[PDB]
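As structure tokens, the structure follows; a few thoughts come after it.
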Amino acid sequence: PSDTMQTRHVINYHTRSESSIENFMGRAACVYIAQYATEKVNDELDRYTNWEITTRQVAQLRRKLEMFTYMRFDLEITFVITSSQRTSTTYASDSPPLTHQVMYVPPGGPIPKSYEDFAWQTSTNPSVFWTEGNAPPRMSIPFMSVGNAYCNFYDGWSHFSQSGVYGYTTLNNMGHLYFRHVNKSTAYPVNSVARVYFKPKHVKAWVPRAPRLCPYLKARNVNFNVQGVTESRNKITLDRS
Amino acid sequence: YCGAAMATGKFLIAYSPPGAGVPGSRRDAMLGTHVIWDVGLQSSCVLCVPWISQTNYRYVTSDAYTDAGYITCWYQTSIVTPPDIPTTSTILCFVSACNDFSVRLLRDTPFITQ
Amino acid sequence: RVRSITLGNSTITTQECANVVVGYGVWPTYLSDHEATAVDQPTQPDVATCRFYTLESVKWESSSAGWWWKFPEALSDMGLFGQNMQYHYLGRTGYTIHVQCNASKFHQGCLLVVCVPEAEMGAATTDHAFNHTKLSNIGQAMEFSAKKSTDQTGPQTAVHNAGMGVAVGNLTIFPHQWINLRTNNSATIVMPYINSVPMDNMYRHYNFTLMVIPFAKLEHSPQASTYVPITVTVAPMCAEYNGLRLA
Amino acid sequence: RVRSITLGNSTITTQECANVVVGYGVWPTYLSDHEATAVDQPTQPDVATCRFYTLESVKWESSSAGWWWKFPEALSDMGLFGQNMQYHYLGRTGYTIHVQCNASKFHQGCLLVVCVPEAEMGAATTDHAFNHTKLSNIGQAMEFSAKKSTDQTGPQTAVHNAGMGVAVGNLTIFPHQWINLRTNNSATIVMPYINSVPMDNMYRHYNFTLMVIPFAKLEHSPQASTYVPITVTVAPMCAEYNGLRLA
């Protein structure tokens, strides 16, 4: 019973609203998964975690972004934070509700380097406090570039003429995102996962570019292995009269 | 056509409707919709094709039988050249849409497999 | 009293009143000429393929259970209409169906002439898929049965369920006409193009099934004629297909 | 400089001047719509069968004597025009003939493209009757010869007598066009329906023969192309046949 593609005659109405930049880019996409714990297990998993806000780590979002040279949007961030206990011997406890702190650190703001750091109490660092069981928390970031648009591609250097790091620019600093528990402890350890969802609002685009053929090897380069321009067939002509 | 300026020939660019089907000869191609492209007159040949609408209900397709049309090109005569001009040449192809094209139901593309 | 109608060739004859029944109050017509931008352009038959196609007559005996024809598949080897079905991919059309019963004053019985849109039939052996030639041949009349079917590759031809799993007496919300030999002998049903899409593949999709079911059985003296022929005459009206050319 | 002409399908291209030659100053047209009393009524193709039919190209080498095609018999297996020739008994039509020579600037020669009405040919072996397949095949180009023919069942193909027993240089009172490769490469001849009767049988009577005779022979360097294709494209215009219906 599957599968066929068909012609299927259509009345003349000519929809184009799903091909606008707002309907193309403005979808809620999961961009990062943050893992942190109530108590520290190892260097990897610690009371707190971080993420520099980039748009080059999810490839399905990155390819839709990199179809244009210059973008400009507002960010709507929302967090799906769930918690679970570690594999302990006993789990019998009476815990108070866990409160989470998601801190947005702007470009120019101080980042925490440990738990109990002074950067969690900075008034210029906007934080969100949310108890488990409620509606998911949501922040809104405006256009945060020093220049007039974000640049998905930078044919240039960052050092003394011709020196530094190729392709890197500080005109794409959107900030950092820091996650921790506000509670001091629990009876037994509790691991938390914070799914970060981006929704670009009021998107404007400039200078459209060719879609990427090769896969991605790094999240900060445009490096690639060479690839065929398309798939292969057996003949340039057709048979079966 | 990206050959020499003194190359002269005729091509027969046949169009097959979405029903059926691939023709088997230059005479079968001439008896349907076709355009005779004369190389000695024009360097380019532009033709607009209707009835392109394919809807797929699967994400990746293996291989999802389609009933689209075809475009075939046939040697109407040959490519005739003067001396000291090579006998081989090259046709370039171009494709785009027109200002009526209507897409719907945006998904993620299957060309990324991270 | 009589009237002669010609559509190219040949002429058929009919009465002056004849009780014509339009399908759902909708006369068959074209797509209102909003065919711009040349992306989905349609094509007429010439005009036209609009002529009377007469099928082979059936013999309504005293134990006849009924017959059915699936359209447009019952006009597949029928002239230019049967060639446009293989030269084009998408098509739409409406129909005028005449069903005449050539009985005498000494024959009695009643017929129900139904036009059922999308008459999806069930299988005789359920869990099994049936052959397409047991649903509709090229122009043949597929007939019902009085007993249930145990065919391992066919449909369920018990006439009191009408092949669709319903009550046969409820087949009157469809466009229908009664032929009571005491009163009438003819039936004109004009069916438009009913589908969920404006055009479809004609070899693949049966738009509607014409059904002729006797509700009062044929009964007569043994000295009369015993077979009472029924003639179905179909004229396809306002046919339209997809464009086969460029730009 | 160039112009694209479409007749249904497909499009051919031509120049802006091209030196079109109408046959005898008479454009092909219909029978002026005096078709009353319904005793000899005519019938159009649809309209129309008016599309470009391109034949198989010939190869004009340095020793080519010439070619001929007999009409309407050279369009016998050609689409709807070739089906109306067997579905109808009497028919009349006019033609537009394009003859293009795809040569270079390094090729020289001259061609005479003639349209000879009622080109009655003689036999090679006189006192013998020839086969009809040695006069005209279904779409093939029948070619002349430089020597005389001794074929016991064919025509006389000596080109300096043109098959008709005349001088080949006098074939210019017929509708003709010179193709001098120094100057031209194309030829448009528009032939009307010339006969003694308004309609005739199309399988039986050749109305006119198109002849392509080289008067200056093809001459070139040995490093150039040696075959120089000639394409004949024929569009039948204002075709008309007898009525196939009643009253």
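Just remember, in the structure tokens the first chain shown is A, the second B, etc., residues are 1-based per chain, and ligands are 1-based in the order shown.
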Report task. Compute the set of chain D residues within 8 Å of chain C, using only C-alpha atoms, and express it as number ranges by chain. Result -> D: 8-9, 46, 245-246
Report task. Using only C-alpha atoms, find the residues of chain D whose closest atom to chain B is at most 12 Å away, then write them as an MDAnalysis selection string. Result -> chainID D and resid 1:16 49 51:60 75 77:82 100:108 139 185:186 220:233
Query raised in the report: Skipping near chain neighbours, those fewer than 6 positions away, what residues fall within 10 Å of region 108-112 of chain B using only C-alpha atoms, listed as a ChimeraX atom specification?
Result: /A:59-61,63-64,212-216 /B:59-61
Kindly export the residues of the current selection with N, CA, C and O atoms, as a short mmCIF file (atom, residue, chain, number, x, y, z; two decimals), in the first residue's frame.
```cif
data_model
loop_
_atom_site.label_atom_id
_atom_site.label_comp_id
_atom_site.auth_asym_id
_atom_site.auth_seq_id
_atom_site.Cartn_x
_atom_site.Cartn_y
_atom_site.Cartn_z
N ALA A 59 22.82 20.65 13.22
CA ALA A 59 23.13 20.78 11.80
C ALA A 59 21.89 21.13 10.98
O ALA A 59 21.99 21.85 9.97
N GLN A 60 20.71 20.65 11.40
CA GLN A 60 19.48 20.97 10.68
C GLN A 60 19.12 22.44 10.82
O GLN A 60 18.54 23.03 9.91
N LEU A 61 19.44 23.04 11.96
CA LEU A 61 19.25 24.48 12.11
C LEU A 61 20.37 25.25 11.41
O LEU A 61 20.12 26.31 10.82
N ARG A 63 22.12 24.50 8.73
CA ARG A 63 22.02 24.59 7.28
C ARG A 63 20.91 25.53 6.84
O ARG A 63 21.04 26.21 5.82
N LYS A 64 19.81 25.60 7.61
CA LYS A 64 18.78 26.58 7.30
C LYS A 64 19.24 28.00 7.58
O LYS A 64 18.78 28.94 6.93
N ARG A 212 24.56 23.80 1.46
CA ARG A 212 25.78 23.04 1.67
C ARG A 212 25.61 21.61 1.17
O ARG A 212 24.62 20.94 1.48
N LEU A 213 26.60 21.15 0.41
CA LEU A 213 26.58 19.81 -0.15
C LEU A 213 27.20 18.80 0.81
O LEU A 213 26.63 17.74 1.08
N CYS A 214 28.37 19.13 1.35
CA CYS A 214 29.13 18.24 2.19
C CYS A 214 28.55 18.21 3.60
O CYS A 214 27.76 19.08 3.97
N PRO A 215 28.89 17.21 4.40
CA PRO A 215 28.52 17.24 5.82
C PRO A 215 29.44 18.18 6.60
O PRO A 215 30.37 18.77 6.06
N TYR A 216 29.15 18.30 7.88
CA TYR A 216 29.90 19.18 8.77
C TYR A 216 30.90 18.35 9.58
O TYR A 216 30.55 17.28 10.08
N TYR B 59 9.50 10.30 4.95
CA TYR B 59 10.63 11.19 5.18
C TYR B 59 11.74 10.92 4.16
O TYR B 59 12.10 11.80 3.37
N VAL B 60 12.29 9.71 4.18
CA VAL B 60 13.24 9.26 3.17
C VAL B 60 12.55 8.17 2.35
O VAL B 60 11.76 7.38 2.89
N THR B 61 12.79 8.17 1.05
CA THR B 61 12.02 7.37 0.10
C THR B 61 12.90 6.29 -0.51
O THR B 61 13.96 6.59 -1.06
#
```
Query raised in the report: If we count only C-alpha atoms, which residues of chain C reach to within 7 Å of chain A? Please list them as a list in words.
Result: residues 40, 198, 199 and 200 of chain C
Contacts of chain A with chain B up to 6 Å, shortest pair per row, only C-alpha atoms, as JSON lines:
```
{"residue": "A:3", "atom": "CA", "partner": "B:64", "partner_atom": "CA", "distance": 4.9}
{"residue": "A:4", "atom": "CA", "partner": "B:65", "partner_atom": "CA", "distance": 4.8}
{"residue": "A:5", "atom": "CA", "partner": "B:66", "partner_atom": "CA", "distance": 5.0}
{"residue": "A:6", "atom": "CA", "partner": "B:54", "partner_atom": "CA", "distance": 5.6}
{"residue": "A:7", "atom": "CA", "partner": "B:53", "partner_atom": "CA", "distance": 5.4}
{"residue": "A:14", "atom": "CA", "partner": "B:102", "partner_atom": "CA", "distance": 5.3}
{"residue": "A:15", "atom": "CA", "partner": "B:102", "partner_atom": "CA", "distance": 5.2}
{"residue": "A:16", "atom": "CA", "partner": "B:102", "partner_atom": "CA", "distance": 5.6}
{"residue": "A:241", "atom": "CA", "partner": "B:24", "partner_atom": "CA", "distance": 4.4}
```
Report task. Could you pull out the residues in region 5-240 of chain D that DSSP calls strand (DSSP E or B) from the backbone, as a PyMOL selection string? Result -> chain D and resi 5-6+11-15+20-22+42-43+53-54+58-59+67-71+91-101+108-117+123+142-143+145+155+158+176-180+186-191+200+208-219+229-240
Query - Distance query residue 132 (chain D) at most 10 Å, only C-alpha atoms, self and fewer than 3 positions along chain excluded, as a ChimeraX atom specification - result: /D:129,135-137,153-155
**Report entry** residue 46 (chain A) surroundings by only C-alpha atoms, 7 Å radius, close-in-sequence under 4 positions cut, as a list in words
**Finding:** residues 36, 37, 39, 40, 41 and 42 of chain A
For the residues in that selection, give me C-alpha atoms as an mmCIF file, in the first residue's frame.
```cif
data_model
loop_
_atom_site.group_PDB
_atom_site.id
_atom_site.type_symbol
_atom_site.label_atom_id
_atom_site.label_comp_id
_atom_site.auth_asym_id
_atom_site.auth_seq_id
_atom_site.Cartn_x
_atom_site.Cartn_y
_atom_site.Cartn_z
ATOM 1 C CA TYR A 36 23.898 18.941 35.852
ATOM 2 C CA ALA A 37 23.403 17.282 39.232
ATOM 3 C CA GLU A 39 25.601 16.732 44.000
ATOM 4 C CA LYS A 40 28.908 16.382 42.179
ATOM 5 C CA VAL A 41 29.849 13.035 40.662
ATOM 6 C CA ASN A 42 32.746 14.056 38.437
#
```
Report task. One decimal, Å: what's the distance from CA of residue 13 (chain A) over to CA of residue 39 (chain C), could you say? Result -> 11.6 Å
**Report entry** residue 70 (chain C) environment, 7 Å, only C-alpha atoms, sequence neighbours closer than 2 positions dropped, as JSON, numbers by chain
**Finding:** {"C": [68, 72, 73, 74, 136, 206, 208, 209, 210]}
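Computed from the coordinates, the CA of residue 35 (chain A) to CA of residue 65 (chain A) distance equals 26.2 Å.
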**Report entry** Within 8 Å of region 141-143 of chain A using only C-alpha atoms, minus same-chain residues under 4 positions, as a list in words
**Finding:** residues 72, 73, 74, 75, 76 and 77 of chain A
Report task. Please measure the separation of CA of residue 226 (chain A) and CA of residue 172 (chain A), giving the value in Å to one decimal. Result ->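 Interatomic distance here is 27.9 Å.
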